[PDB]
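Chemist: Take a look at model37.cif, mmCIF, N, CA and C atoms and all ligand atoms:
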data_protein
loop_
_atom_site.label_atom_id
_atom_site.label_comp_id
_atom_site.auth_asym_id
_atom_site.auth_seq_id
_atom_site.Cartn_x
_atom_site.Cartn_y
_atom_site.Cartn_z
N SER A 1 42.40 -93.58 -3.08
CA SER A 1 40.96 -93.78 -2.77
C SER A 1 40.54 -95.22 -3.00
N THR A 2 39.25 -95.50 -2.80
CA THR A 2 38.72 -96.85 -2.98
C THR A 2 37.38 -96.81 -3.70
N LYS A 3 36.98 -97.94 -4.26
CA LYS A 3 35.71 -98.04 -4.97
C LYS A 3 34.54 -97.74 -4.05
N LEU A 4 34.20 -96.46 -3.92
CA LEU A 4 33.10 -96.04 -3.07
C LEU A 4 31.84 -95.79 -3.89
N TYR A 5 30.75 -96.44 -3.51
CA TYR A 5 29.48 -96.28 -4.21
C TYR A 5 29.01 -94.83 -4.17
N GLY A 6 29.38 -94.07 -5.20
CA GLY A 6 28.98 -92.68 -5.26
C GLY A 6 30.13 -91.77 -5.67
N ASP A 7 31.35 -92.19 -5.35
CA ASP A 7 32.54 -91.41 -5.69
C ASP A 7 32.83 -91.50 -7.19
N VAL A 8 32.31 -90.54 -7.94
CA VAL A 8 32.52 -90.50 -9.39
C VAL A 8 33.82 -89.79 -9.74
N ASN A 9 34.18 -88.80 -8.93
CA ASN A 9 35.40 -88.03 -9.17
C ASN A 9 36.64 -88.81 -8.73
N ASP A 10 36.43 -89.94 -8.05
CA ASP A 10 37.54 -90.77 -7.58
C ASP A 10 38.46 -89.98 -6.66
N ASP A 11 37.90 -89.44 -5.58
CA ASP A 11 38.67 -88.66 -4.62
C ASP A 11 38.78 -89.38 -3.28
N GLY A 12 37.91 -90.37 -3.07
CA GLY A 12 37.93 -91.12 -1.82
C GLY A 12 36.88 -90.64 -0.84
N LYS A 13 35.85 -89.96 -1.36
CA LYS A 13 34.78 -89.45 -0.52
C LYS A 13 33.60 -88.99 -1.37
N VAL A 14 32.39 -89.15 -0.83
CA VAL A 14 31.18 -88.75 -1.54
C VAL A 14 30.84 -87.29 -1.26
N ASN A 15 31.20 -86.41 -2.20
CA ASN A 15 30.93 -84.99 -2.05
C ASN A 15 29.83 -84.54 -3.01
N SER A 16 29.38 -83.30 -2.85
CA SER A 16 28.33 -82.75 -3.70
C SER A 16 28.78 -82.72 -5.16
N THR A 17 30.08 -82.55 -5.37
CA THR A 17 30.64 -82.50 -6.72
C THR A 17 30.36 -83.80 -7.47
N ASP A 18 30.28 -84.90 -6.72
CA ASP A 18 30.02 -86.21 -7.32
C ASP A 18 28.62 -86.25 -7.93
N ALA A 19 27.69 -85.51 -7.33
CA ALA A 19 26.32 -85.47 -7.81
C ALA A 19 26.24 -84.77 -9.16
N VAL A 20 26.69 -83.52 -9.21
CA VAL A 20 26.67 -82.74 -10.44
C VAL A 20 27.49 -83.42 -11.53
N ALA A 21 28.58 -84.06 -11.13
CA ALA A 21 29.45 -84.76 -12.07
C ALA A 21 28.71 -85.90 -12.77
N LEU A 22 28.00 -86.70 -11.98
CA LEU A 22 27.24 -87.82 -12.52
C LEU A 22 26.17 -87.34 -13.48
N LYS A 23 25.54 -86.22 -13.16
CA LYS A 23 24.50 -85.65 -14.00
C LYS A 23 25.03 -85.34 -15.39
N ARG A 24 26.30 -84.97 -15.47
CA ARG A 24 26.93 -84.64 -16.74
C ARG A 24 27.09 -85.89 -17.60
N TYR A 25 27.50 -86.99 -16.97
CA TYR A 25 27.70 -88.25 -17.68
C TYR A 25 26.37 -88.80 -18.18
N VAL A 26 25.36 -88.78 -17.31
CA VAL A 26 24.04 -89.28 -17.67
C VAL A 26 23.47 -88.52 -18.86
N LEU A 27 23.83 -87.24 -18.96
CA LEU A 27 23.35 -86.39 -20.05
C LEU A 27 24.10 -86.70 -21.35
N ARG A 28 25.11 -87.56 -21.27
CA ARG A 28 25.90 -87.92 -22.44
C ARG A 28 26.61 -86.71 -23.03
N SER A 29 27.19 -85.89 -22.15
CA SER A 29 27.90 -84.70 -22.57
C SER A 29 29.34 -85.03 -22.97
N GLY A 30 29.86 -86.13 -22.44
CA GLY A 30 31.22 -86.54 -22.75
C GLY A 30 32.18 -86.28 -21.61
N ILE A 31 31.73 -86.54 -20.39
CA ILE A 31 32.55 -86.33 -19.21
C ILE A 31 33.10 -87.66 -18.68
N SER A 32 34.41 -87.69 -18.44
CA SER A 32 35.06 -88.90 -17.94
C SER A 32 34.89 -89.02 -16.43
N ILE A 33 34.27 -90.12 -16.00
CA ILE A 33 34.04 -90.36 -14.58
C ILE A 33 34.22 -91.83 -14.24
N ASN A 34 34.04 -92.16 -12.96
CA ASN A 34 34.18 -93.53 -12.50
C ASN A 34 32.84 -94.26 -12.53
N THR A 35 32.50 -94.82 -13.69
CA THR A 35 31.25 -95.54 -13.86
C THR A 35 31.12 -96.66 -12.83
N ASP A 36 32.26 -97.23 -12.44
CA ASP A 36 32.27 -98.31 -11.46
C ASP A 36 31.69 -97.84 -10.13
N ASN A 37 32.05 -96.63 -9.72
CA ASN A 37 31.57 -96.06 -8.47
C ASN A 37 30.16 -95.49 -8.64
N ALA A 38 29.86 -95.01 -9.84
CA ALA A 38 28.56 -94.44 -10.14
C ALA A 38 27.45 -95.46 -9.91
N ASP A 39 27.65 -96.68 -10.40
CA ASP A 39 26.67 -97.74 -10.25
C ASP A 39 26.39 -98.02 -8.78
N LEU A 40 25.31 -97.45 -8.26
CA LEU A 40 24.94 -97.63 -6.87
C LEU A 40 24.05 -98.86 -6.70
N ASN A 41 23.32 -99.22 -7.75
CA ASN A 41 22.43 -100.37 -7.72
C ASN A 41 23.08 -101.60 -8.34
N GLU A 42 24.23 -101.41 -9.00
CA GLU A 42 24.94 -102.51 -9.63
C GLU A 42 24.12 -103.10 -10.77
N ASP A 43 23.45 -102.24 -11.53
CA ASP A 43 22.63 -102.67 -12.65
C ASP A 43 23.49 -103.02 -13.86
N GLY A 44 24.75 -102.57 -13.85
CA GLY A 44 25.64 -102.86 -14.95
C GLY A 44 25.90 -101.65 -15.84
N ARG A 45 25.09 -100.61 -15.68
CA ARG A 45 25.25 -99.39 -16.48
C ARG A 45 24.81 -98.16 -15.69
N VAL A 46 25.47 -97.03 -15.95
CA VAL A 46 25.14 -95.79 -15.28
C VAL A 46 23.95 -95.10 -15.94
N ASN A 47 22.76 -95.31 -15.39
CA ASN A 47 21.55 -94.71 -15.93
C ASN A 47 20.99 -93.65 -14.99
N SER A 48 19.86 -93.07 -15.36
CA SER A 48 19.21 -92.05 -14.55
C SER A 48 18.94 -92.57 -13.14
N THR A 49 18.73 -93.88 -13.03
CA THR A 49 18.46 -94.50 -11.74
C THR A 49 19.61 -94.26 -10.77
N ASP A 50 20.83 -94.53 -11.23
CA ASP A 50 22.02 -94.33 -10.40
C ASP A 50 22.12 -92.88 -9.94
N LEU A 51 21.81 -91.96 -10.85
CA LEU A 51 21.86 -90.53 -10.54
C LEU A 51 20.95 -90.21 -9.36
N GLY A 52 19.69 -90.63 -9.46
CA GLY A 52 18.74 -90.39 -8.39
C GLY A 52 19.19 -90.97 -7.07
N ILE A 53 19.76 -92.17 -7.12
CA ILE A 53 20.23 -92.84 -5.92
C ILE A 53 21.38 -92.07 -5.27
N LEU A 54 22.29 -91.57 -6.10
CA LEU A 54 23.43 -90.81 -5.62
C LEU A 54 22.97 -89.52 -4.95
N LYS A 55 22.01 -88.85 -5.57
CA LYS A 55 21.47 -87.60 -5.04
C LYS A 55 20.70 -87.85 -3.75
N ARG A 56 19.87 -88.89 -3.75
CA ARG A 56 19.07 -89.24 -2.58
C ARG A 56 19.97 -89.61 -1.41
N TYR A 57 21.08 -90.27 -1.70
CA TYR A 57 22.02 -90.68 -0.67
C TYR A 57 22.55 -89.47 0.10
N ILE A 58 22.87 -88.41 -0.63
CA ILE A 58 23.38 -87.19 -0.01
C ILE A 58 22.25 -86.35 0.58
N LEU A 59 21.02 -86.64 0.18
CA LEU A 59 19.86 -85.91 0.68
C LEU A 59 19.24 -86.61 1.88
N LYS A 60 20.01 -87.48 2.53
CA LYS A 60 19.53 -88.21 3.70
C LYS A 60 18.26 -88.98 3.38
N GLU A 61 18.21 -89.57 2.19
CA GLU A 61 17.05 -90.34 1.76
C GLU A 61 17.32 -91.84 1.86
N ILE A 62 18.57 -92.22 1.62
CA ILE A 62 18.96 -93.63 1.68
C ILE A 62 20.34 -93.79 2.32
N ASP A 63 20.42 -94.65 3.33
CA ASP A 63 21.68 -94.89 4.03
C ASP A 63 22.20 -96.29 3.73
N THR A 64 21.30 -97.21 3.40
CA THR A 64 21.68 -98.58 3.09
C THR A 64 22.24 -98.69 1.68
N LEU A 65 23.52 -99.04 1.58
CA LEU A 65 24.18 -99.19 0.29
C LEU A 65 25.06 -100.43 0.27
N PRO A 66 25.26 -101.03 -0.92
CA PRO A 66 24.69 -100.54 -2.18
C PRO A 66 23.21 -100.91 -2.33
N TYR A 67 22.55 -100.30 -3.30
CA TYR A 67 21.14 -100.56 -3.54
C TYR A 67 20.96 -101.82 -4.38
N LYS A 68 19.81 -102.47 -4.23
CA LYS A 68 19.51 -103.69 -4.97
C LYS A 68 18.37 -103.46 -5.96
N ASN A 69 18.72 -103.05 -7.17
CA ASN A 69 17.72 -102.79 -8.21
C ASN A 69 17.62 -103.97 -9.17
CA CA B 1 33.94 -87.73 -4.54
CA CA B 2 23.69 -98.53 -12.30
#
Can you turn what I pasted into structure tokens?
Ligand SMILES: [Ca+2]
Ligand SMILES: [Ca+2]
Modeler:
Amino acid sequence: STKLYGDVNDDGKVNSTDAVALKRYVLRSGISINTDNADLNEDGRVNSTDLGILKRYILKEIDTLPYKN
């Protein structure tokens, strides 16, 4: 796979699983994911912002990536 903005599971594609997966990390549950891919805005850290962006991306809310926050 490749560094895809949204691919947290590191599978090479943005699937619904990537959304729920990111939600687990943001909650600080202790889930290992690809923070590099999670960062959709390139803020430097995976925060609630990235989560919303990832979800919105799959919800046909945003097509232009990466985001500039
Ligand atoms: Ca994926
Ligand atoms: Ca981020």
Chemist: Could you list, with a cut-off of 7 Å and counting only N, CA and C atoms and all ligand atoms, the residues of chain A near ligand CA 1 (chain B), each shown with its nearest atom pair and the distance in Å rounded to one decimal, rows sorted by chain and ascending number, as JSON lines?
Modeler:
{"residue": "A:6", "atom": "C", "partner": "B:CA1", "partner_atom": "CA", "distance": 5.7}
{"residue": "A:7", "atom": "CA", "partner": "B:CA1", "partner_atom": "CA", "distance": 4.1}
{"residue": "A:8", "atom": "N", "partner": "B:CA1", "partner_atom": "CA", "distance": 4.7}
{"residue": "A:9", "atom": "N", "partner": "B:CA1", "partner_atom": "CA", "distance": 4.5}
{"residue": "A:10", "atom": "N", "partner": "B:CA1", "partner_atom": "CA", "distance": 4.8}
{"residue": "A:11", "atom": "N", "partner": "B:CA1", "partner_atom": "CA", "distance": 4.4}
{"residue": "A:12", "atom": "N", "partner": "B:CA1", "partner_atom": "CA", "distance": 5.0}
{"residue": "A:13", "atom": "C", "partner": "B:CA1", "partner_atom": "CA", "distance": 3.4}
{"residue": "A:14", "atom": "CA", "partner": "B:CA1", "partner_atom": "CA", "distance": 4.2}
{"residue": "A:15", "atom": "N", "partner": "B:CA1", "partner_atom": "CA", "distance": 3.8}
{"residue": "A:16", "atom": "N", "partner": "B:CA1", "partner_atom": "CA", "distance": 6.6}
{"residue": "A:17", "atom": "C", "partner": "B:CA1", "partner_atom": "CA", "distance": 6.1}
{"residue": "A:18", "atom": "CA", "partner": "B:CA1", "partner_atom": "CA", "distance": 5.0}
Chemist: With the cut-off set at 8 Å and counting all atoms listed in the file, tabulate each residue of chain A with an atom at most that distance from an atom of ligand CA 2 (chain B), showing the nearest atom pair and its distance in Å to one decimal, ordered by chain and increasing number, as CSV.
Modeler:
residue,atom,partner,partner_atom,distance
A:35,C,B:CA2,CA,7.7
A:38,C,B:CA2,CA,5.4
A:39,CA,B:CA2,CA,3.7
A:40,N,B:CA2,CA,4.5
A:41,N,B:CA2,CA,4.6
A:42,N,B:CA2,CA,4.4
A:43,N,B:CA2,CA,3.8
A:44,N,B:CA2,CA,4.5
A:45,C,B:CA2,CA,3.6
A:46,CA,B:CA2,CA,4.3
A:47,N,B:CA2,CA,4.6
A:48,N,B:CA2,CA,7.3
A:49,C,B:CA2,CA,6.1
A:50,CA,B:CA2,CA,4.9
A:51,N,B:CA2,CA,7.0
Chemist: So what do you get for atom CA of residue 19 of chain A versus atom N of residue 54 of chain A, distance-wise?
Modeler: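 Pair atom CA of residue 19 of chain A / atom N of residue 54 of chain A returns 7.5 Å.
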Chemist: Looking at A:1, A:68, A:59, A:21, which one is nearest to residue 33 of chain A, with distances taken over all atoms listed in the file?
Modeler: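 Nearest to residue 33 of chain A: A:21.
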Chemist: Check the DSSP output for the backbone and give back, as an MDAnalysis selection string, the residues of chain A in alpha helix (DSSP H).
Modeler: chainID A and resid 16:26 35:38 48:58
Chemist: Could you work out how far atom CA of residue 3 of chain A lies from atom CA of residue 37 of chain A, giving the answer in Å with one decimal?
Modeler: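 These two atoms are separated by 5.8 Å.
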Chemist: Atom CA of residue 2 of chain A and atom CA of residue 69 of chain A are how many Å apart?
Modeler: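 Pair atom CA of residue 2 of chain A / atom CA of residue 69 of chain A returns 22.4 Å.
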Chemist: Go ahead and fit an axis-aligned box to every listed atom of segment 56-67 of chain A plus 6 Å each side, and pass me the centre and edge lengths in Å, one decimal, as JSON.
Modeler:
{"center_x": 21.2, "center_y": -93.9, "center_z": -0.2, "size_x": 20.2, "size_y": 27.9, "size_z": 20.4}
Chemist: Is there a way to complete segment 13-28 of chain A with N, CA, C and O atoms and then write that out as a PDB file, keeping the file's coordinate frame?
Modeler:
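Saved the output as out_25.pdb:
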ATOM      1  N   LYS A  13      35.850 -89.960  -1.360  1.00  0.00           N
ATOM      2  CA  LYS A  13      34.780 -89.450  -0.520  1.00  0.00           C
ATOM      3  C   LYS A  13      33.600 -88.990  -1.370  1.00  0.00           C
ATOM      4  O   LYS A  13      33.776 -88.511  -2.485  1.00  0.00           O
ATOM      5  N   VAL A  14      32.390 -89.150  -0.830  1.00  0.00           N
ATOM      6  CA  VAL A  14      31.180 -88.750  -1.540  1.00  0.00           C
ATOM      7  C   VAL A  14      30.840 -87.290  -1.260  1.00  0.00           C
ATOM      8  O   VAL A  14      30.267 -86.962  -0.221  1.00  0.00           O
ATOM      9  N   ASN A  15      31.200 -86.410  -2.200  1.00  0.00           N
ATOM     10  CA  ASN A  15      30.930 -84.990  -2.050  1.00  0.00           C
ATOM     11  C   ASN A  15      29.830 -84.540  -3.010  1.00  0.00           C
ATOM     12  O   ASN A  15      29.412 -85.295  -3.888  1.00  0.00           O
ATOM     13  N   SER A  16      29.380 -83.300  -2.850  1.00  0.00           N
ATOM     14  CA  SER A  16      28.330 -82.750  -3.700  1.00  0.00           C
ATOM     15  C   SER A  16      28.780 -82.720  -5.160  1.00  0.00           C
ATOM     16  O   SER A  16      27.967 -82.858  -6.075  1.00  0.00           O
ATOM     17  N   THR A  17      30.080 -82.550  -5.370  1.00  0.00           N
ATOM     18  CA  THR A  17      30.640 -82.500  -6.720  1.00  0.00           C
ATOM     19  C   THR A  17      30.360 -83.800  -7.470  1.00  0.00           C
ATOM     20  O   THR A  17      30.209 -83.804  -8.689  1.00  0.00           O
ATOM     21  N   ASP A  18      30.280 -84.900  -6.720  1.00  0.00           N
ATOM     22  CA  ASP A  18      30.020 -86.210  -7.320  1.00  0.00           C
ATOM     23  C   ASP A  18      28.620 -86.250  -7.930  1.00  0.00           C
ATOM     24  O   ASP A  18      28.387 -86.940  -8.920  1.00  0.00           O
ATOM     25  N   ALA A  19      27.690 -85.510  -7.330  1.00  0.00           N
ATOM     26  CA  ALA A  19      26.320 -85.470  -7.810  1.00  0.00           C
ATOM     27  C   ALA A  19      26.240 -84.770  -9.160  1.00  0.00           C
ATOM     28  O   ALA A  19      25.769 -85.344 -10.142  1.00  0.00           O
ATOM     29  N   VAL A  20      26.690 -83.520  -9.210  1.00  0.00           N
ATOM     30  CA  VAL A  20      26.670 -82.740 -10.440  1.00  0.00           C
ATOM     31  C   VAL A  20      27.490 -83.420 -11.530  1.00  0.00           C
ATOM     32  O   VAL A  20      27.143 -83.361 -12.709  1.00  0.00           O
ATOM     33  N   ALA A  21      28.580 -84.060 -11.130  1.00  0.00           N
ATOM     34  CA  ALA A  21      29.450 -84.760 -12.070  1.00  0.00           C
ATOM     35  C   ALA A  21      28.710 -85.900 -12.770  1.00  0.00           C
ATOM     36  O   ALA A  21      28.785 -86.047 -13.986  1.00  0.00           O
ATOM     37  N   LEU A  22      28.000 -86.700 -11.980  1.00  0.00           N
ATOM     38  CA  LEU A  22      27.240 -87.820 -12.520  1.00  0.00           C
ATOM     39  C   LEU A  22      26.170 -87.340 -13.480  1.00  0.00           C
ATOM     40  O   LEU A  22      25.908 -87.981 -14.504  1.00  0.00           O
ATOM     41  N   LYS A  23      25.540 -86.220 -13.160  1.00  0.00           N
ATOM     42  CA  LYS A  23      24.500 -85.650 -14.000  1.00  0.00           C
ATOM     43  C   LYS A  23      25.030 -85.340 -15.390  1.00  0.00           C
ATOM     44  O   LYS A  23      24.296 -85.430 -16.379  1.00  0.00           O
ATOM     45  N   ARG A  24      26.300 -84.970 -15.470  1.00  0.00           N
ATOM     46  CA  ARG A  24      26.930 -84.640 -16.740  1.00  0.00           C
ATOM     47  C   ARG A  24      27.090 -85.890 -17.600  1.00  0.00           C
ATOM     48  O   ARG A  24      26.852 -85.863 -18.808  1.00  0.00           O
ATOM     49  N   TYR A  25      27.500 -86.990 -16.970  1.00  0.00           N
ATOM     50  CA  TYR A  25      27.700 -88.250 -17.680  1.00  0.00           C
ATOM     51  C   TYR A  25      26.370 -88.800 -18.180  1.00  0.00           C
ATOM     52  O   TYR A  25      26.259 -89.238 -19.324  1.00  0.00           O
ATOM     53  N   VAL A  26      25.360 -88.780 -17.310  1.00  0.00           N
ATOM     54  CA  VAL A  26      24.040 -89.280 -17.670  1.00  0.00           C
ATOM     55  C   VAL A  26      23.470 -88.520 -18.860  1.00  0.00           C
ATOM     56  O   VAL A  26      22.721 -89.069 -19.665  1.00  0.00           O
ATOM     57  N   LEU A  27      23.830 -87.240 -18.960  1.00  0.00           N
ATOM     58  CA  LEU A  27      23.350 -86.390 -20.050  1.00  0.00           C
ATOM     59  C   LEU A  27      24.100 -86.700 -21.350  1.00  0.00           C
ATOM     60  O   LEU A  27      23.754 -86.165 -22.404  1.00  0.00           O
ATOM     61  N   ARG A  28      25.110 -87.560 -21.270  1.00  0.00           N
ATOM     62  CA  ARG A  28      25.900 -87.920 -22.440  1.00  0.00           C
ATOM     63  C   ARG A  28      26.610 -86.710 -23.030  1.00  0.00           C
ATOM     64  O   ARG A  28      26.633 -86.507 -24.241  1.00  0.00           O
TER      65      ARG A  28
END
